[PDB]
Amino acid sequence: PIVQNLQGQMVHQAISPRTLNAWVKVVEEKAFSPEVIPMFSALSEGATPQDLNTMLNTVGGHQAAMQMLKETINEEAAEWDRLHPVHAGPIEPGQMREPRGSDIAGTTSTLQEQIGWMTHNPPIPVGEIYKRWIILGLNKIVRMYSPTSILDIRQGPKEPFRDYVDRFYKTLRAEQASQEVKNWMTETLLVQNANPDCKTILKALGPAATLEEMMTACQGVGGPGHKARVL
Amino acid sequence: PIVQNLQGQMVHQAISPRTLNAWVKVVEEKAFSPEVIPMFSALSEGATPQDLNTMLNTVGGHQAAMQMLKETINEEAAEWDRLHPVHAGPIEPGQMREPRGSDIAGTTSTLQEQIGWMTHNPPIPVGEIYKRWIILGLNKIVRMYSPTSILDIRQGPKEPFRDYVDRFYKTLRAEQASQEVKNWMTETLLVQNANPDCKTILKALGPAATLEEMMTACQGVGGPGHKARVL
Amino acid sequence: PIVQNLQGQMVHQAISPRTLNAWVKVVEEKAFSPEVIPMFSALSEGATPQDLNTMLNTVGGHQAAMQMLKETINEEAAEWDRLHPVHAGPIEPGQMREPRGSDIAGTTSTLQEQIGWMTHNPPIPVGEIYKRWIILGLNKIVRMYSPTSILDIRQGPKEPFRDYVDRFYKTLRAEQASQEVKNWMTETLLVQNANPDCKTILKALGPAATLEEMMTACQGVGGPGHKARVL
Amino acid sequence: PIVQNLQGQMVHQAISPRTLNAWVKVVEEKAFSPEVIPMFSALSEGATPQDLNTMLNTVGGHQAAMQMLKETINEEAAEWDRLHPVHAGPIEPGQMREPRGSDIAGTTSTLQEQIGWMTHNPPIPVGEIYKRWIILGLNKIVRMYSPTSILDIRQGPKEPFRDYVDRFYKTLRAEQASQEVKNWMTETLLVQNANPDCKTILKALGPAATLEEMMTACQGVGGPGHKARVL
Amino acid sequence: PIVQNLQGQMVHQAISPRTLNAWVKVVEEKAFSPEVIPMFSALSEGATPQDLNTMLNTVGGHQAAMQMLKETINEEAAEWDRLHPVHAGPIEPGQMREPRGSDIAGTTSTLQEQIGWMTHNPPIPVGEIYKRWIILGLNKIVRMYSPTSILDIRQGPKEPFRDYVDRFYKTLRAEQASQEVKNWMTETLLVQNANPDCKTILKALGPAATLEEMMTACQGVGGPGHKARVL
Amino acid sequence: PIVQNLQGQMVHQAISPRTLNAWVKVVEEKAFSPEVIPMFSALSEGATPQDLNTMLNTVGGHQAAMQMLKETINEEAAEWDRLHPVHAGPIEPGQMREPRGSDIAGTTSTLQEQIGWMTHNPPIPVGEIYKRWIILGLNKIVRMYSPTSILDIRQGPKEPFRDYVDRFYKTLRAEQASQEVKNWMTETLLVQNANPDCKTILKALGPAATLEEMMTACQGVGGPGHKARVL
Amino acid sequence: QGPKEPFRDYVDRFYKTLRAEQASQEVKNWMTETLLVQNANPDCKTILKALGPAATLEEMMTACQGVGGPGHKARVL
Amino acid sequence: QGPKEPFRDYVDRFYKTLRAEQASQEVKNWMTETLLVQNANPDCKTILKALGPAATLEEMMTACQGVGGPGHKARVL
């Protein structure tokens, strides 16, 4: 990873082996969940395209999804390669050479080149660009390995509004729908898929209710259930 | 977050996945409680708005309570925006755009604007201001994860006064009770239901009395202040 | 806390969550015991009033007793405002204000105002003043919440002099009475409450013999217990 | 390890306790392994061959695997030496002899001589070379010690298609057979050792369809919680 | 403690909680035993007397020992005063002063002055002198907390000589014995008290034999069975 | 330890308990194996004599063995002294002395004077000389309590040539016989006392075969001992 | 303080014995504050406490008179 | 090997078996130090281990006298 000091000073420092493996530990506990994507998205930030590749290789589990991340990454390297075929040198001493989709994946490029691209005029940020490709990969897998879906879920005869809204907000993240569909999912379905007695109570509250009014409501129709609040 | 006084704005390290793993592990396991607040302060010092969004959104649980923390910010960033018009842009190079309330919170701001205010001269402290805005709503959602009520309170069948005061003040700070509120709860509940003999002394002290003189009262007179007898 | 191990210049550095964890544990798991007075003293090193306030505010339990600790500390603030009258504006334009007693207690001052006093030459000693008030307030609490008295404890009809000694020094460290009184306690209270067999030797030793000499004589009382005692 | 910046002087500095501590914990725990290989390459980043031989001898257990390691590197070192003879002079402080194979292997060189090969420009990188012959012996021992071969991999009658491809692509990374054969393993063996209900789905799907279509496919078989995911 | 941060002058650092936690686990788990004294040396690297005295006062019970220890430091502080071996001679007016026993103990000195004398030459390291007083009293506690005496200690008929020689050395370490004693015990009483096969073998070999000769001897005798063994 | 050698800012850095904790854990877990030896030299990189002494005394178990170590250390200090340069001429010549035995082990010499023979010309390294003597005392105890089982391990009917082969190599590395014994054992005992199905083909393969070359062998010999083997 | 003996009789022995005592004045204040109540009687401690620790000498000797009962029974002179 | 014949009978068949053997003298020293001694009696096990191959053979006959001729035993008289 690469650190920027004042006035033109750009230098490189290596990753800690513990801190490197701080995302892998998360998928051990969580699997593929939408909150895993910012967790990676922090660790990948300011990392060099070599480091970015170390991020994927240190995973010894989940080896089909890991191949499938490799597939998403190289399709977008080809798309870029269709954007920018390079046949020709830089023709100005002051100009650093155009990257091919292989360069950006960290396979054809050296540390001086990936650093020099960022210090180039206009600057070329091939790690930010490749990172997005990692996160596309990672978003695909989280969308594929979901345990549930917003149209399936409804509230149990003993579940209080408090818990069911917490899962309905959590569920709403994984769905990739448009804002007005996601808004209607909120406005219609949430109070439509409330249990028989809790719905009676949401109607007696009226149409405009705040989350604090509706969270404290239905606590005598349902009961607490598990402590951990994970399902 | 800053870790060197004059580091550049373009290439910046993110909030550590280690610092994140301490936090996500307390919040998902043990919810919101008052001692999260001083540790959030300890971990979020000099964090950018993208550092703080990362800290809020890398938790997968308790999503209802984070919509309120968000809706709270949404209130306040609008409050800043109804008094502060968008400044006119810079007039020369080396001088930066003034933040709008939506860019203090990370809405319309990207990372190198966020850290570029912070690494500017003088430093402009946009994630402090947003730090104040999170503390506002944290202290709110705390009271939703508060286990028991200071208004619906009684001392047990055979609970000592000494013992109940200890509990009453645990409970009183759990809702973060203001001085008139503490003085009215003292007057209407804590010294209400006492022994008549002890009550002469508790009328003379009243509710603005320090806890040392309050609790240690009536050790020479009267029955017990719990209803069951002690002889 | 204010630190000077990061560069040649003094700088502020944000409180550690491992410091607060560490301070809160001995207070919570054991309540208040004389051990609390070193534990604050090791880890309030370098602290600004604002750290010392966070360190007071962090403990989750014992909420009645911290209230008494807080009242006790703020009594000393008001005292210093009686003693040392000051002004809120400068003594003339281009000066910083002298701290008021409240500013000592961190209520009506900023982080920046506490760096400005502590980085001065010779330093204005606003954490060192407020650290002493808190230690002053510690002494009241560890006496008050001692579950034992020095006057009650004595030697029994089967106990070694070493066991009485061990109990006497632990309790007498905790008690805050006048030095004069504490010296009749080591010269006359220890000597008198001893077992009737031990008084004979403790006179032939007299008051000036060494602590090994006193410990080693009168050890057979009740027999040996060592292998049959807990430690 | 050798550290710091060339212009200011690179400096050699000691091996950290906590890293060495982590390396013996892990070698006991999960030995030589695919996620151990990037942990060794990132730990050994700065490492000299004296450092690589120091950490290799702290391993403890796995001594047949160290013998296998030791004869592959010795043979690599000997292959290098009979390939490339050294005709270097007698040298002085200020001059450096070109290295033999035995100098790569660490076996004829001390640390100072290793310090001065890496601080030449370009480096002679006796470290990166000795590393890659160690990773070459790491993949041989981790193939050898593979839990189950690709050849013997299968899908049982109620065993899921997803649990199966997970182990396929996993045992596929352990194997050190050539890549064209590994084309037939992926294309043929994966359908052919699958259960018959999936073998009908996979032949109809064919090599044209992508990975994501193959991972989406074949999930109504495998039991009730496979069904819920696609419905 | 006193750290170097590579800026050309000595500077203070706050104590770590991990040195405290290492000390209060050590005394708790193991009580007071010969390995806890070189552990305290390890925690005392570059601590001030103030840093050590905090550590001594951090312990709760065992206060008969703590007063014997606090007595022992003050004997050795009072000696270093009258012995004077830091003596300056006669000196002209404006040169740095001669400290005495109270300056080295830090009752009449402060941190920056103790630094003055380590920086001015010939160097005095104040916390070394203090360090060496504490563990002298600790040596006394580990003997007094051990009941076990060299002229008493026995073995049975079935036990190997190796266990009785381990045990004699863990005795002798807590006693810290003289040479006449070690001779008298080795040659006579240890040979005679040793198991009957080991006596017939040991006298023919040399009842005055060295520790390495003695651990060579008595092969095959006492302990488990009589064949299938290398000791 | 000292840190920063071959550089003008050579400095001390404290002993870590992480380091001691490693050494005591392993001496406890399995005592004197050959892997402790590199764990000492890996722990001791940069070590003072104080660091080297400190770490030896931190072990509580095994004191006869540790006392044998000190006997050995003392014998090397005497050996150093016998070959010491003669004391003659000027008592103090006005230059730094030659170090004797006591000095290297650290009993007459302290960190200001030890830096005095690393700065004084030629350089003398107290701790690297002393580390040589401690490894000889470890090596004497490792030799004395030698595992002794190479003759007595053979394979049963269903042994697959893996776990016992490692076990063969572990007692072979334990054994302190010469290279001329060790090279006979690897063409005789290894293969003659192999699993009997395998032993016929290890015979036709070649008895002086390499470890890699033996582990690939024995394919197609049939029987249940072949079924159990994975590769 | 004996079970039937009242404060007055007891605080009168205490001061006769205190005057004979050659102990420092701080301690004689400690002994009046602290030892006096604690070597008073278990059920009498409660009465002094209701009075509060800043009650007068007059008030001290007023306390527990009931527990000592009638003045013809046990004579002061 | 065992204890059933005297050490002199065993060592004599031992050195005949080392006589048949080709393998280098350092390995026949290690058999003489390790395997030879291991199947001896506990009584003289300490002594023979110092004598080993290192000391003169004739010395090895000084000990284990009184053991008895051909047959079962476990220690020496």
# chains A, B, ... in the order shown; residues from 1 in each chain; ligands from 1
>>> calpha_fit_rmsd(fixed="chain F", moving="chain E")
3.6 Å
>>> calpha_fit_rmsd(fixed="chain G", moving="chain H")
5.7 Å
>>> atom_distance(atom1="atom CA of residue A:102", atom2="atom CA of residue D:165")
27.4 Å
>>> residues_around(residues="residue F:57", least_positions_apart="2", cutoff="10 Å", atoms="only C-alpha atoms", output="list in words")
residues 34, 35, 36, 37, 38 and 39 of chain E; 20, 24, 52, 53, 54, 55, 59, 60, 63 and 66 of chain F
>>> write_last_selection(atoms="N, CA, C and O atoms", output="PDB file, in the first residue's frame")
ATOM      1  N   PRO E  34      10.034 -18.124  42.533  1.00  0.00           N
ATOM      2  CA  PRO E  34      11.275 -17.670  41.941  1.00  0.00           C
ATOM      3  C   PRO E  34      11.340 -17.161  40.510  1.00  0.00           C
ATOM      4  O   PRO E  34      12.075 -16.254  40.139  1.00  0.00           O
ATOM      5  N   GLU E  35      10.389 -17.674  39.682  1.00  0.00           N
ATOM      6  CA  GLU E  35      10.175 -17.084  38.346  1.00  0.00           C
ATOM      7  C   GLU E  35       9.489 -15.746  38.356  1.00  0.00           C
ATOM      8  O   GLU E  35       9.489 -14.990  37.379  1.00  0.00           O
ATOM      9  N   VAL E  36       8.775 -15.322  39.394  1.00  0.00           N
ATOM     10  CA  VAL E  36       8.109 -13.943  39.436  1.00  0.00           C
ATOM     11  C   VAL E  36       9.037 -12.799  39.641  1.00  0.00           C
ATOM     12  O   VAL E  36       8.796 -11.701  39.225  1.00  0.00           O
ATOM     13  N   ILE E  37      10.298 -13.054  40.146  1.00  0.00           N
ATOM     14  CA  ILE E  37      11.366 -12.015  40.311  1.00  0.00           C
ATOM     15  C   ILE E  37      12.101 -11.594  38.999  1.00  0.00           C
ATOM     16  O   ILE E  37      12.281 -10.398  38.737  1.00  0.00           O
ATOM     17  N   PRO E  38      12.485 -12.432  38.078  1.00  0.00           N
ATOM     18  CA  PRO E  38      12.983 -12.028  36.793  1.00  0.00           C
ATOM     19  C   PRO E  38      11.912 -11.613  35.853  1.00  0.00           C
ATOM     20  O   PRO E  38      12.192 -10.926  34.889  1.00  0.00           O
ATOM     21  N   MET E  39      10.674 -11.964  36.107  1.00  0.00           N
ATOM     22  CA  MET E  39       9.567 -11.368  35.416  1.00  0.00           C
ATOM     23  C   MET E  39       9.364  -9.935  35.821  1.00  0.00           C
ATOM     24  O   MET E  39       9.088  -9.119  34.981  1.00  0.00           O
TER      25      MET E  39
ATOM     26  N   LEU F  20       9.307 -13.561  26.211  1.00  0.00           N
ATOM     27  CA  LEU F  20       9.501 -14.509  27.397  1.00  0.00           C
ATOM     28  C   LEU F  20       8.506 -15.526  27.470  1.00  0.00           C
ATOM     29  O   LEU F  20       8.705 -16.697  27.870  1.00  0.00           O
ATOM     30  N   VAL F  24       9.064 -19.662  27.729  1.00  0.00           N
ATOM     31  CA  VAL F  24       8.494 -20.433  28.872  1.00  0.00           C
ATOM     32  C   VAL F  24       7.400 -21.387  28.439  1.00  0.00           C
ATOM     33  O   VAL F  24       7.245 -22.527  28.873  1.00  0.00           O
ATOM     34  N   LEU F  52      19.568 -11.959  27.580  1.00  0.00           N
ATOM     35  CA  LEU F  52      19.973 -13.345  27.567  1.00  0.00           C
ATOM     36  C   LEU F  52      19.848 -14.017  28.951  1.00  0.00           C
ATOM     37  O   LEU F  52      19.281 -15.054  29.162  1.00  0.00           O
ATOM     38  N   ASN F  53      20.309 -13.403  30.067  1.00  0.00           N
ATOM     39  CA  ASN F  53      20.224 -13.798  31.428  1.00  0.00           C
ATOM     40  C   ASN F  53      18.756 -13.803  31.791  1.00  0.00           C
ATOM     41  O   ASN F  53      18.247 -14.853  32.174  1.00  0.00           O
ATOM     42  N   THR F  54      18.026 -12.694  31.538  1.00  0.00           N
ATOM     43  CA  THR F  54      16.643 -12.428  31.867  1.00  0.00           C
ATOM     44  C   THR F  54      15.748 -13.565  31.405  1.00  0.00           C
ATOM     45  O   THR F  54      14.862 -14.149  32.093  1.00  0.00           O
ATOM     46  N   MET F  55      15.966 -13.969  30.173  1.00  0.00           N
ATOM     47  CA  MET F  55      15.142 -15.024  29.527  1.00  0.00           C
ATOM     48  C   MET F  55      15.356 -16.422  30.075  1.00  0.00           C
ATOM     49  O   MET F  55      14.391 -17.118  30.444  1.00  0.00           O
ATOM     50  N   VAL F  59      12.137 -19.027  33.128  1.00  0.00           N
ATOM     51  CA  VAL F  59      11.770 -20.424  33.332  1.00  0.00           C
ATOM     52  C   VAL F  59      11.792 -20.857  34.844  1.00  0.00           C
ATOM     53  O   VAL F  59      12.801 -20.646  35.567  1.00  0.00           O
ATOM     54  N   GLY F  60      10.705 -21.343  35.377  1.00  0.00           N
ATOM     55  CA  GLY F  60      10.580 -21.858  36.764  1.00  0.00           C
ATOM     56  C   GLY F  60      10.728 -23.331  36.970  1.00  0.00           C
ATOM     57  O   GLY F  60      11.209 -23.778  38.014  1.00  0.00           O
ATOM     58  N   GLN F  63      14.793 -26.810  37.042  1.00  0.00           N
ATOM     59  CA  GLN F  63      15.964 -26.041  37.606  1.00  0.00           C
ATOM     60  C   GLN F  63      17.250 -26.667  37.809  1.00  0.00           C
ATOM     61  O   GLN F  63      18.275 -26.066  37.972  1.00  0.00           O
ATOM     62  N   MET F  66      18.284 -26.213  34.151  1.00  0.00           N
ATOM     63  CA  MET F  66      18.794 -24.864  34.157  1.00  0.00           C
ATOM     64  C   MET F  66      20.070 -24.573  35.006  1.00  0.00           C
ATOM     65  O   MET F  66      20.969 -23.777  34.643  1.00  0.00           O
TER      66      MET F  66
END
>>> residues_around(residues="stretch 29-42 of chain G", least_positions_apart="4", cutoff="8 Å", atoms="only C-alpha atoms", output="number ranges by chain")
C: 181; G: 1-3, 7, 11, 14, 25, 46, 48
>>> residues_around(residues="residue H:47", least_positions_apart="4", cutoff="12 Å", atoms="only C-alpha atoms", output="NGL selection string")
(:E and (200-206 or 213 or 216-220)) or (:H and (33 or 37 or 40-43 or 51-52 or 55 or 59-64))
>>> residues_around(residues="stretch 187-191 of chain F", least_positions_apart="5", cutoff="10 Å", atoms="only C-alpha atoms", output="JSON, numbers by chain")
{"F": [150, 151, 153, 154, 155, 161, 164, 165, 168, 169, 182, 196, 198, 199, 200, 201, 202, 203, 206, 207, 208, 209, 210, 214]}
>>> residues_around(residues="residue E:136", least_positions_apart="3", cutoff="9 Å", atoms="only C-alpha atoms", output="list in words")
residues 69, 72, 73, 131, 132, 133, 139 and 140 of chain E
>>> select_by_dssp(residues="stretch 37-188 of chain A", states="alpha helix (DSSP H)", output="JSON, numbers by chain")
{"A": [37, 38, 39, 40, 41, 42, 43, 49, 50, 51, 52, 53, 54, 55, 56, 57, 63, 64, 65, 66, 67, 68, 69, 70, 71, 72, 73, 74, 75, 76, 77, 78, 79, 80, 81, 82, 83, 101, 102, 103, 104, 111, 112, 113, 114, 115, 116, 117, 118, 119, 126, 127, 128, 129, 130, 131, 132, 133, 134, 135, 136, 137, 138, 139, 140, 141, 142, 143, 144, 161, 162, 163, 164, 165, 166, 167, 168, 169, 170, 171, 172, 173, 174, 179, 180, 181, 182, 183, 184]}
>>> atom_distance(atom1="atom CA of residue E:26", atom2="atom CA of residue C:171")
23.4 Å
>>> decode(residues="stretch 128-161 of chain F", atoms="N, CA and C atoms", output="compact mmCIF listing (two decimals), in the first residue's frame")
# COMPACT_ATOMS: atom_id res chain seq x y z
N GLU F 128 26.47 -11.59 21.35
CA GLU F 128 26.67 -12.62 20.33
C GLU F 128 27.69 -13.70 20.75
N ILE F 129 28.69 -13.24 21.50
CA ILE F 129 29.61 -14.22 22.23
C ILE F 129 28.92 -15.01 23.31
N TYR F 130 28.10 -14.34 24.16
CA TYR F 130 27.42 -15.00 25.19
C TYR F 130 26.38 -15.92 24.64
N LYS F 131 25.70 -15.62 23.48
CA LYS F 131 24.66 -16.44 22.92
C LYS F 131 25.24 -17.81 22.44
N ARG F 132 26.54 -17.81 22.10
CA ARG F 132 27.25 -19.02 21.74
C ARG F 132 27.36 -20.02 22.92
N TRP F 133 27.67 -19.48 24.08
CA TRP F 133 27.81 -20.34 25.25
C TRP F 133 26.50 -20.98 25.73
N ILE F 134 25.34 -20.26 25.60
CA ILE F 134 24.01 -20.69 26.13
C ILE F 134 23.53 -21.79 25.20
N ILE F 135 23.76 -21.75 23.92
CA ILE F 135 23.31 -22.74 22.90
C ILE F 135 24.09 -24.09 23.22
N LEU F 136 25.38 -24.08 23.56
CA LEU F 136 26.18 -25.23 24.05
C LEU F 136 25.57 -25.83 25.30
N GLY F 137 25.08 -25.03 26.27
CA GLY F 137 24.35 -25.58 27.44
C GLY F 137 22.98 -26.12 27.18
N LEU F 138 22.23 -25.49 26.27
CA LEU F 138 21.05 -26.12 25.71
C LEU F 138 21.36 -27.43 24.95
N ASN F 139 22.37 -27.47 24.14
CA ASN F 139 22.79 -28.58 23.32
C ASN F 139 23.25 -29.74 24.23
N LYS F 140 23.93 -29.50 25.39
CA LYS F 140 24.34 -30.56 26.36
C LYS F 140 23.14 -31.30 26.98
N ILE F 141 22.08 -30.55 27.43
CA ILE F 141 20.83 -31.09 27.95
C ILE F 141 20.00 -31.85 26.90
N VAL F 142 19.91 -31.27 25.61
CA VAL F 142 19.30 -31.88 24.41
C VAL F 142 19.96 -33.23 24.07
N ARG F 143 21.29 -33.30 24.10
CA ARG F 143 22.08 -34.55 23.92
C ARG F 143 21.89 -35.50 24.99
N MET F 144 21.97 -35.12 26.29
CA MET F 144 21.80 -35.99 27.46
C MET F 144 20.46 -36.68 27.50
N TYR F 145 19.34 -36.02 27.17
CA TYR F 145 17.97 -36.61 27.42
C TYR F 145 17.37 -37.07 26.13
N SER F 146 18.31 -37.28 25.14
CA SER F 146 18.02 -37.84 23.82
C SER F 146 16.95 -38.93 23.62
N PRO F 147 15.97 -38.60 22.82
CA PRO F 147 14.82 -39.48 22.63
C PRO F 147 14.94 -40.97 22.52
N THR F 148 15.90 -41.49 21.74
CA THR F 148 16.34 -42.90 21.66
C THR F 148 15.25 -43.84 21.16
N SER F 149 14.89 -43.72 19.88
CA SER F 149 13.83 -44.66 19.45
C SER F 149 13.99 -45.05 18.01
N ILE F 150 15.08 -44.57 17.33
CA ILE F 150 15.23 -44.94 15.96
C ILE F 150 15.22 -46.36 15.61
N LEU F 151 15.85 -47.22 16.42
CA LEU F 151 15.83 -48.68 16.38
C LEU F 151 14.53 -49.38 16.65
N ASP F 152 13.71 -48.72 17.52
CA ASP F 152 12.51 -49.27 17.98
C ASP F 152 11.27 -48.76 17.31
N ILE F 153 11.34 -48.10 16.17
CA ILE F 153 10.12 -47.83 15.46
C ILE F 153 10.21 -48.57 14.11
N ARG F 154 9.16 -49.35 13.81
CA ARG F 154 8.99 -50.16 12.54
C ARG F 154 7.58 -49.94 12.17
N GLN F 155 7.19 -50.38 11.05
CA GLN F 155 5.74 -50.28 10.64
C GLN F 155 5.03 -51.59 10.60
N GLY F 156 3.81 -51.57 11.14
CA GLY F 156 2.74 -52.56 11.03
C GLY F 156 2.23 -52.87 9.64
N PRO F 157 1.28 -53.69 9.59
CA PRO F 157 0.63 -54.07 8.34
C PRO F 157 -0.12 -52.93 7.58
N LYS F 158 -0.59 -51.92 8.21
CA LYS F 158 -1.48 -50.94 7.58
C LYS F 158 -0.92 -49.57 7.66
N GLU F 159 0.34 -49.42 8.08
CA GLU F 159 1.00 -48.18 8.00
C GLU F 159 1.19 -47.57 6.56
N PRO F 160 0.95 -46.30 6.23
CA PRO F 160 0.81 -45.91 4.88
C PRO F 160 2.15 -45.21 4.50
N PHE F 161 3.24 -45.33 5.30
CA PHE F 161 4.46 -44.52 5.01
C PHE F 161 4.25 -42.97 5.08
